[PDB]
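> Could you work out the structure for the sequence below:
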Amino acid sequence: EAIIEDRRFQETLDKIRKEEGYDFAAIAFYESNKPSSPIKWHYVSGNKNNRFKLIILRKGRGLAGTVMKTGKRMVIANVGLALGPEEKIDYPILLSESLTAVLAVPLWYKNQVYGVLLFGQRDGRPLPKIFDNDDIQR
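Residues are numbered from 1 along each chain as shown. Here you go:
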């Protein structure tokens, strides 16, 4: 039914993670149509575990929360320099996936942010070149 859409999001997420040269990628969306729904990471690629399913974010909160609020990308080129390890609790995917750099971008459909696409590095691997101009190939 909608299994055809999961396939296509998942395949596209994997391909794009590898082609872009990232250790981790994820997509967050609102959990439900209930107009005070939280946001969860629904698809992942290169995950170490499934503790990301524990993350529940309200509008404005995490990486996904903030990008969905602002409509703007968020880049942390080095998590260690940018955030005290105690403050990393505000961005819980950092902790569950051991990310040392991240890029989170909005996914747009008809001028509305419908989700957040997150790319992550581990082990101090640096972010490859962020092509400013991109597309939402969906």
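> Longest helix in the chain, please.
When the chain is parsed with DSSP state H, its longest helix is helix 3-20.
> now the next helix-or-strand element following it and helix 3-20, what's the angle there?
Later in the chain than helix 3-20, the nearest helix or strand by DSSP states H and E is strand 24-30. Here strand 24-30 points in a direction 140 degrees away from that of helix 3-20 (axes from the mean of the first three to the mean of the last three Cα atoms, to 10 degrees).
> what sits up against strand 24-30?
Outside of strand 24-30, the residues that reach it under the criterion Cβ atoms under 8 Å, 6 or more residues apart in numbering are 9, 13-14, 16-17, 37-47, 52, 57, 63-64, 68, 93, 97, 99, 107, 114-122. (C-beta placed from N, C-alpha, C; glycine too.)
> Tell me which stretches of the chain form helices.
3-20, 63-70, 79-82, 92-97.
> Now render these as a markdown table, adding distance to residue 127 and mean neighbour count.
Putting the helices of the chain into a markdown table (distance: least, Cβ to Cβ, whole Å; neighbours: other Cβ atoms under 10 Å) gives the following:
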| stretch | distance to residue 127 | mean neighbour count |
| --- | --- | --- |
| helix 3-20 | 10 | 13 |
| helix 63-70 | 14 | 21 |
| helix 79-82 | 11 | 14 |
| helix 92-97 | 14 | 20 |
